[PDB]
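Enquirer: So I pulled this structure from the PDB, and the sequence comes with it:
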20 protein chains.
Amino acid sequence: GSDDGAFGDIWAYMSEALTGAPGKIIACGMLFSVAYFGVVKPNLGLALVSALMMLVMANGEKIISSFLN
Amino acid sequence: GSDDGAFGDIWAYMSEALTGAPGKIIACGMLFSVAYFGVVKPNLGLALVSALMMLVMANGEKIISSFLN
Amino acid sequence: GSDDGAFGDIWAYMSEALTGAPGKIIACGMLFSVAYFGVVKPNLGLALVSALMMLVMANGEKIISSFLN
Amino acid sequence: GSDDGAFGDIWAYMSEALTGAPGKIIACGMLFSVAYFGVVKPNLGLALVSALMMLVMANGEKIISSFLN
Amino acid sequence: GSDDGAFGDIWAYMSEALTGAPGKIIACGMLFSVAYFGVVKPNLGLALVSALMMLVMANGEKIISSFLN
Amino acid sequence: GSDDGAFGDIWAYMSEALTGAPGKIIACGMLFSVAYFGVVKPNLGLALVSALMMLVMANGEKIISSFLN
Amino acid sequence: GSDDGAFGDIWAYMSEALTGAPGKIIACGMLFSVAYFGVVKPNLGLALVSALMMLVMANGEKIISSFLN
Amino acid sequence: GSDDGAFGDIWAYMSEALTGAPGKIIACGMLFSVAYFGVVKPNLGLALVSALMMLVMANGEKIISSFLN
Amino acid sequence: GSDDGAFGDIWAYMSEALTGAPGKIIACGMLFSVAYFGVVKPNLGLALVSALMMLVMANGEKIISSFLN
Amino acid sequence: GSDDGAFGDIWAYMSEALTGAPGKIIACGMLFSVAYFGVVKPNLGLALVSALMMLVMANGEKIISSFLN
Amino acid sequence: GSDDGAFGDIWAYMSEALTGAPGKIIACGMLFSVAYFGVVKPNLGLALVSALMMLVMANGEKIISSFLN
Amino acid sequence: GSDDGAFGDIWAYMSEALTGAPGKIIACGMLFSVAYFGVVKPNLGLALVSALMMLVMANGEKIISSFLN
Amino acid sequence: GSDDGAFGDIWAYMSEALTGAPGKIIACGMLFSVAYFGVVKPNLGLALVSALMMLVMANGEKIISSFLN
Amino acid sequence: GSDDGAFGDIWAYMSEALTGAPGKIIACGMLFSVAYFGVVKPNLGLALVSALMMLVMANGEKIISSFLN
Amino acid sequence: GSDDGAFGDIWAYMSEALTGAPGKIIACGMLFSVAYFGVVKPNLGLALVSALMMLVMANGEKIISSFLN
Amino acid sequence: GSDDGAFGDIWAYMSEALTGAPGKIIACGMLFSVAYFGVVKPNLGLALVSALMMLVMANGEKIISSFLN
Amino acid sequence: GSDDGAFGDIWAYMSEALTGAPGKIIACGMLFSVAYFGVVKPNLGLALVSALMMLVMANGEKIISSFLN
Amino acid sequence: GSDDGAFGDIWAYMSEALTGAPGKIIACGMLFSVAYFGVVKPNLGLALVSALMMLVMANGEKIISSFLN
Amino acid sequence: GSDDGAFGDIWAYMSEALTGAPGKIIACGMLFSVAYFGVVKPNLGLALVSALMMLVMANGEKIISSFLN
Amino acid sequence: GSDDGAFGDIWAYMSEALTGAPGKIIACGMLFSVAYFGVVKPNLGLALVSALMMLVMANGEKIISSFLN
Ligand SMILES: CCCCCCCCCCCCCCCC(=O)OC[C@H](COP(=O)(O)OC[C@@H](O)CO)OC(=O)CCCCCCCCCCCCCCC
Ligand SMILES: CCCCCCCCCCCCCCCC(=O)OC[C@H](COP(=O)(O)OC[C@@H](O)CO)OC(=O)CCCCCCCCCCCCCCC
Ligand SMILES: CCCCCCCCCCCCCCCC(=O)OC[C@H](COP(=O)(O)OC[C@@H](O)CO)OC(=O)CCCCCCCCCCCCCCC
Ligand SMILES: CCCCCCCCCCCCCCCC(=O)OC[C@H](COP(=O)(O)OC[C@@H](O)CO)OC(=O)CCCCCCCCCCCCCCC
Ligand SMILES: CCCCCCCCCCCCCCCC(=O)OC[C@H](COP(=O)(O)OC[C@@H](O)CO)OC(=O)CCCCCCCCCCCCCCC
Ligand SMILES: CCCCCCCCCCCCCCCC(=O)OC[C@H](COP(=O)(O)OC[C@@H](O)CO)OC(=O)CCCCCCCCCCCCCCC
Ligand SMILES: CCCCCCCCCCCCCCCC(=O)OC[C@H](COP(=O)(O)OC[C@@H](O)CO)OC(=O)CCCCCCCCCCCCCCC
Ligand SMILES: CCCCCCCCCCCCCCCC(=O)OC[C@H](COP(=O)(O)OC[C@@H](O)CO)OC(=O)CCCCCCCCCCCCCCC
Ligand SMILES: CCCCCCCCCCCCCCCC(=O)OC[C@H](COP(=O)(O)OC[C@@H](O)CO)OC(=O)CCCCCCCCCCCCCCC
Ligand SMILES: CCCCCCCCCCCCCCCC(=O)OC[C@H](COP(=O)(O)OC[C@@H](O)CO)OC(=O)CCCCCCCCCCCCCCC
Ligand SMILES: CCCCCCCCCCCCCCCC(=O)OC[C@H](COP(=O)(O)OC[C@@H](O)CO)OC(=O)CCCCCCCCCCCCCCC
Ligand SMILES: CCCCCCCCCCCCCCCC(=O)OC[C@H](COP(=O)(O)OC[C@@H](O)CO)OC(=O)CCCCCCCCCCCCCCC
Ligand SMILES: CCCCCCCCCCCCCCCC(=O)OC[C@H](COP(=O)(O)OC[C@@H](O)CO)OC(=O)CCCCCCCCCCCCCCC
């Protein structure tokens, strides 16, 4: 596909924000949720799942650009 | 069918945008939704479903042109 | 990614609070839970798991910044 | 981390209560449980485990402040 | 720690009851258990263990106050 | 806080009933439950837990007034 | 607390029944359970535990009235 | 306590059956168990324990009525 | 922010009631719920959670004023 | 964009009220809702979500001014 | 309050029926439900809960008249 | 209460059926369930519980009429 | 506010009926609903909620007169 | 604005009635609705919402006079 | 009770089947289970328990008719 | 069946990815899960099950093409 | 029935696609789901169920043509 | 299979981390668990099992690449 | 493998603590357990096993780094 | 290893108590056990084993510090 056009700025902003401040806020939210739900049931596997989700978000732009040319 | 006519430009724009900036914006939206809903309930299966939907969108023009000659 | 923008202040507050007062409150909550659940079934392994979770929270900002540039 | 902020009072109360009246109540609960479960199966090792848990609670604030700056 | 506060009365009651009527009831329960289990297998070592547990309960408040300031 | 106002009567009634007839009914309910569940599995520890809950209810008004000024 | 009010009759009935017909039915149930489970594994300690539970039920009203004024 | 009321008939039936047909069936069950388990390991002490349990059942109503007035 | 204006009286009333009669009524409601749900499943951890919620309500005005200037 | 014009006063009032008395009233409403819904199901995660929403409201004017120049 | 007026007859009928034929029908329904659900999972605690609900219904008119003068 | 009225026939039918054909069908159902679940895990205690439930059903009308006048 | 005027009689009637015959009818309706829904799922907590609602209705006139002068 | 003029009497009457007899009638209507809808689904949160609406009505004149000079 | 009515045929069928073909099938199932579980752990006591259960089923109709008139 | 058509590209991508990067990511996820859950309960049988699942995925395309011609 | 008509082409396409590219895509989806859900809970029975579903899809056209002539 | 594509980076990161910092953290966790559970029950066989699991993790990438081409 | 990355600090802390204060605490715990269990059954072989476990912990980092490159 | 850190105080307390009051209490316990078990079977070899265990405890800190640097 083409990255430019009438919606090029929106796509650029969303792609940059996926690994930018909103993405970091979401990742911190998952970290806080893992810490909170581990108070009664300590489970560090959810931390690994959160790290994997962060890795997926880090590669989200690449995946989207690969699937949608 | 025929790709030209009075509505040929609209069809061309929509087909190009399916894998263009609007399609990439929608895919980034699904990625953001997967990241957000994984804060409380980490689920990477929805990421696989999102990737499959992106693959379907990448082949949407081919499917439409195959069904509608 | 970029730490600034419209959501830079929210990200800064969340990152500082991960090891700040809310994070310390959550850690004290896990300590209280470990103490309480050890009344009937004394288990100091959950204390080690809680310490590991505290260590993970101490490095949460670094992990998030590493995954999300 | 920082001990002050909007949640500074909650953190201060929880840290003081870890070795305060609630912590002493929990420790007395473990002592009562050790005494009760020793009626049929006298086991003074659980008393040592309870003392170790009390020692951990006495150092809980230090551990939390060390892990979370 | 501090013995006063919202939970000061509960802590005072529990500490007084550790060597009070509930503690004496538990100690009498261990004595009855030692007498009963000695019908088929006479074992006076369990009586010594019960006496040691009673001594521990007599010093439980001191231990709790020493560990939790 | 303030004990008076439009909701002062409701607060007074609830605080008096916490140690009044409804609280005594709830405590008798826990006693009945302890007696019933001890038919198949005799467990006098639940009686101690029930006594501790009764002690907490006896101090519930004090705790609420201490936390909420 | 106060024994009268809208719930005074319910509290009176429950307190009287704790040592009345329902309490005697529950005690007979524990006696039947002790007799039945002693067919394969004769254990008279459970009879002592049942007697202690009956003694606790006999003093349940006093304990409730002492904790809840 | 009071033997009458809505549950008086149930209490009367249970008390009469403790030394009635169900109690005799349970006692015969213990006798059969003692005879069966003595085939490989002849042990007449379990017969004495069974006789003591029968004596306890014979006095179960008296014990229940003494504890629960 | 500013505490005055057309809605200053409403904000003042709500902030005072957070630790006033309505807040005390809600806290007594949580105490009653903890007592009631402990009849069948005695759990004193919910009492600790209720105390933590009361502490949060005691600092709710401070948190709101800190976040919203 | 431009903050002045025929609608400049309305925009100024709304932006000031986002962190002013109406915003504080809404935040107190979320605190009251968290306290009320925690009576039956104690959940302190909703308190964290409410704090995050308060933080978002504190930065709402900045986000709006960043997106809309 | 006042028991007379335009709605006095309806209130009288409802209060009399609370312990009358409709109330007895509802109580028999709970007895039937307890008997039916005990076929697969025999549980006599639900019978005690049903008896307590019947006792509450017997005092429902008194409670209503006490709360609503 | 009163046994007559518009719902007197329904109450009479339900009370008669509690010990009539539907009650006997339910009791036979519990007997069948006890026999079936004893194929893999022979347990005659559930038979005693079923007999107690049958005794309760036999006195259900008396209990209902005693609680609801 | 003022209790008199063209609508003074309507306000007086409604305030008197809040704790009068209509209010008692509504309270009896909640009691009937609690009894009915407890046939399949015995829950006495809803009875406590109904009692709290009755207490609120008993103080409804006071609350209305306090808020609306 | 100005409170006098040809419509000054109408404005005065409406402002006085907002907290007068019509406002009290409306508040009693919300109380009756909360009581009625709580018969099947007991919900005391709607009572809090009604109290907040009453508080808003108590300050309605102030808000109107602040917005409209 | 009465054996006739709308449910008389169902009761007759169930009572006849308790000692009929379904009851014999269940008894054969217990015999097969005893034979199978005795392959690794030969235990003829379970055969005695199965015979006692068969005897109980043979008298199930009599017990049901005695309890439920 | 036929591998071509409008959906031929999607089928080709999914079949290649079953043993490609997504399949390898899933297999690494199972390896990580086996390693993590073996920290507390070391179990190498789950590793064998994971290897069998990897073997099944390696033959998944063949199985699908065999069943669906 | 008849395979021809106005809808003959649609029926032919659907029947061919049941074992064609869409059916293979669905089967690959079940394989991916089995692989993914086996990361935390390795279960190869779901693979057998998926194979059975693939076999059913392979015979779906035959079943449809047999039922609908 | 193919190691490249849209998910090539995720696969590379996971494969490198299997023997990298996360894998070493998991191995240290198993070592800590072996040391902790050996305090009461010294068992060095679990150390051998942990070493075997570490060896399996060291060869996990090779196994995955062998099964999934 | 690589010792650095987002999880490098956690790995460094865990490796240093294996032979640091937590490891020494665990070793002292095994020494205390050996001393305590030797009161009734003096066994110095468990001391040798504890020394071997301490030696294994001293080489745990080397083993982990050797297996996981 | 390092003796300081978040767990330095716990390690210091445990090391000092190994030869302190708890260690002396354990040694006195072994002496009492040796004296008691020598009543029927006088054996002074167990005294030598106890002395060797005391010597091991005296050197426990040195051994732990030597193995764990
Ligand atoms: C006041 C005295 C000092 C506090 C003493 C105890 C503190 C509680 C911790 C020990 C309880 C352990 C046994 C629990 C018994 C139990 O079953 O708990 C159940 C309850 C619900 O937790 P989850 O939602 O994880 O549970 C789901 C199910 O378990 C429901 O039962 O757990 C908690 O709420 C405790 C965690 C709160 C701890 C984190 C608090 C920090 C976050 C909030 C910070 C403030 C937010 C402010 C926003 C403005
Ligand atoms: C009044 C007389 C003095 C008290 C005497 C006994 C005190 C109880 C301790 C010994 C019982 C041991 C045998 C138990 C038998 C048993 O099975 O218990 C079961 C019960 C449930 O505990 P968990 O939820 O850990 O158990 C889950 C399963 O075990 C359920 O059975 O344990 C407790 O509640 C005891 C711990 C409370 C002790 C900590 C209390 C301090 C926290 C609360 C402080 C106040 C909060 C105020 C909030 C406003
Ligand atoms: C009435 C006559 C005087 C009492 C005579 C005997 C008293 C019982 C002691 C000897 C029995 C020994 C053989 C037991 C045979 C046996 O197997 O017991 C089993 C039973 C269950 O105990 P655990 O839960 O420790 O056992 C778990 C498993 O052993 C289950 O079998 O043990 C007890 O309940 C006895 C301890 C109660 C003793 C402590 C009572 C004091 C706490 C309660 C104080 C009142 C609370 C009031 C709350 C309102
Ligand atoms: C009439 C004879 C004297 C009463 C004898 C027995 C009383 C019941 C207690 C022992 C039963 C134990 C075994 C239960 C078996 C069981 O499974 O129960 C289940 C039932 C439901 O409780 P939860 O909702 O906690 O349970 C959720 C799940 O467990 C559902 O199964 O528990 C209760 O209702 C008992 C608690 C009521 C006790 C508190 C009553 C006081 C509050 C009401 C006061 C009056 C309100 C008036 C409003 C106008
Ligand atoms: C009719 C003949 C005379 C009765 C003979 C036997 C009576 C039963 C006692 C011995 C059985 C022991 C072996 C059981 C075998 C067994 O596994 O039982 C399981 C069953 C379920 O009890 P729980 O809910 O404690 O058990 C949970 C799990 O154990 C489920 O298996 O226990 C009972 O129901 C027995 C307790 C009832 C005894 C208390 C009855 C008094 C309360 C009701 C009073 C009337 C209420 C009226 C309301 C209107
Ligand atoms: C028909 C021939 C005459 C009977 C001969 C033998 C009778 C059985 C006694 C000796 C077996 C000993 C070896 C058992 C081998 C064995 O392992 O048994 C296991 C089985 C299960 O008992 P528990 O639940 O105590 O065992 C739990 C675990 O041991 C499970 O294995 O024990 C019984 O059921 C025997 C007790 C029944 C005896 C009491 C019966 C009276 C109560 C029922 C009265 C009728 C109720 C009617 C309700 C409507
Ligand atoms: C009169 C006697 C003294 C009161 C005794 C009991 C008080 C109730 C608390 C314990 C019940 C626990 C078991 C409940 C059983 C249960 O399932 O409850 C269900 C019911 C509905 O709550 P939610 O909407 O959270 O539940 C949604 C679902 O759970 C529906 O079932 O919970 C409540 O209403 C209780 C909370 C009220 C407590 C807060 C009251 C304070 C707010 C109102 C203040 C006055 C407003 C005035 C406005 C003018
Ligand atoms: C970044 C560091 C390297 C990763 C380290 C760890 C990786 C995680 C595996 C071990 C965690 C084990 C303990 C879990 C603890 C646990 O309870 O997990 C719960 C969580 C939810 O799984 P389910 O939905 O099967 O669980 C349902 C319930 O278990 C909810 O708790 O499991 C997973 O998400 C792990 C499986 C993901 C593994 C497959 C990932 C590959 C698919 C995605 C590929 C990318 C898609 C891209 C789309 C664009
Ligand atoms: C690295 C150094 C060379 C290895 C040295 C030792 C190897 C371990 C054998 C001796 C330990 C004996 C004492 C154990 C102490 C012990 O209690 O073990 C407990 C542990 C759990 O086994 P189970 O599940 O049979 O035990 C259930 C309960 O025993 C739990 O305690 O046993 C094993 O895991 C050992 C068997 C693994 C041996 C088979 C491994 C081959 C299968 C895996 C092949 C690779 C799969 C790859 C998949 C991708
Ligand atoms: C690749 C190397 C060669 C394989 C080596 C090992 C093969 C695994 C067998 C030994 C593991 C034993 C220890 C297990 C440890 C263990 O706990 O396992 C747990 C796991 C779950 O089994 P269940 O669901 O029976 O277990 C329920 C609970 O046990 C959960 O833990 O068991 C299996 O999956 C093994 C059975 C699969 C064996 C049957 C496979 C054939 C069916 C599939 C055929 C293909 C379907 C294709 C569909 C398209
Ligand atoms: C800070 C001091 C240094 C750490 C000391 C101890 C470390 C803990 C290991 C020994 C505890 C053994 C006794 C446990 C007592 C126990 O019962 O544990 C229970 C707890 C829950 O584990 P599972 O979910 O396997 O257990 C299910 C049930 O066992 C629940 O009880 O186990 C763990 O969490 C320990 C495994 C974590 C170890 C792996 C950590 C590496 C993965 C995370 C890496 C970071 C992720 C970052 C994401 C951003
Ligand atoms: C540091 C000083 C040099 C070591 C001196 C002594 C070494 C210990 C041998 C003699 C003790 C004999 C009396 C024991 C007294 C005794 O009762 O022991 C009990 C203990 C438990 O063994 P089992 O599980 O066979 O016993 C089950 C029951 O006996 C439990 O009591 O035995 C061992 O652990 C000793 C065998 C370890 C020897 C094999 C070690 C090699 C495998 C581990 C290699 C490293 C793995 C690294 C993984 C990363
Ligand atoms: C204060 C005085 C100095 C301490 C004296 C005694 C220390 C205890 C050791 C000897 C007791 C032996 C007899 C026990 C009797 C017994 O049965 O214990 C049972 C208890 C439970 O252990 P497991 O979970 O292995 O046991 C499972 C079953 O055995 C449950 O009974 O064992 C321990 O907790 C002792 C191990 C703790 C030792 C390791 C502590 C170091 C890890 C924690 C470091 C701090 C974490 C901080 C996190 C922030």
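Expert: Happy to help now that I have it. Residues are numbered from 1 along each chain as shown, chains lettered A, B, ... in the order given. Ligands and ions are numbered 1, 2, ... in the order given.
Enquirer: surely residue A:46 meets residue B:41?
Expert: No - using CB atoms under 8 Å, residue A:46 is not in contact with residue B:41, being 9.8 Å away. (Each C-beta comes from the backbone N, C-alpha and C, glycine too.)
Enquirer: what about those two, which has more around it?
Expert: Applying other CB atoms under 10 Å in any protein chain shown to residue A:46 and residue B:41 shows that residue A:46 carries more neighbours, namely 18 against 9.
Enquirer: Which neighbouring residues are in contact with the more buried one, exactly?
Expert: For residue A:46, the contact set (CB atoms under 8 Å, 6 or more residues apart in numbering or on different chains) comprises A:34, A:37-38, B:42.
Enquirer: Counting only helices, which of these make the cut?
Expert: If you go by DSSP state H, the contacts of residue A:46 have A:34, A:37 in helices.
Enquirer: Would you list the phi and psi of the spatially closest residue to residue A:67 that is not a sequence neighbour?
Expert: Once flanking residues are discounted, residue A:67 sits nearest to residue B:54: 3.8 Å by CB to CB, 6 or more residues apart in numbering or on different chains. Per-residue torsions, residue B:54: phi -60, psi -40 (degrees, to the nearest 10).
Enquirer: how far away is residue B:54 from residue P:10?
Expert: With distances taken as CB to CB, to the nearest Å, residue B:54 is found 11 Å from residue P:10.
Enquirer: How about residue A:40?
Expert: Taking CB to CB, one finds residue A:40 at 44 Å from residue P:10.
Enquirer: Against ligand 4, how distant is residue A:18?
Expert: 44 Å (CB to the nearest ligand atom, to the nearest Å).
Enquirer: next one: residue A:27
Expert: For residue A:27, the distance to ligand 4 equals 38 Å [CB to the nearest ligand atom].
Enquirer: where's the closest residue to that residue other than its chain neighbours, which helix or strand?
Expert: Nearest non-adjacent residue to residue A:27, counting by CB to CB, 6+ apart: residue C:64, 4.4 Å away. Per DSSP states H and E: residue C:64 is located in helix C:60-67.
Enquirer: Would you indicate which residues of that helix are buried?
Expert: By 16 or more other CB atoms under 10 Å in any protein chain shown, the buried positions in helix C:60-67 come out as C:60-64, C:66-67.
Enquirer: of residue A:40 and residue P:10, who's got more company?
Expert: Just comparing residue A:40 and residue P:10: by other CB under 10 Å the higher neighbour count belongs to residue P:10, 22 against 14.
Enquirer: Let's verify that one: helix, strand, or coil?
Expert: helix (DSSP: H, G, I helix; E, B strand; the rest coil).
Enquirer: Now do it against residue P:4, distance only.
Expert: When residue P:10 is compared with residue P:4 (using CB to CB), they lie 11 Å apart.
Enquirer: Overlap in contacts, the two.
Expert: With CB under 8 Å, 6+ apart, residue P:10 and residue P:4 have common neighbours residue Q:21.
Enquirer: Could you pull up the residues touching the closest residue to residue A:61 other than its chain neighbours?
Expert: Spatial nearest neighbour of residue A:61, chain neighbours left out: residue A:15 (4.7 Å); criterion: CB to CB, 6+ apart. Going by CB under 8 Å, 6+ apart, residue A:15 touches A:61, A:64, B:24, B:28.
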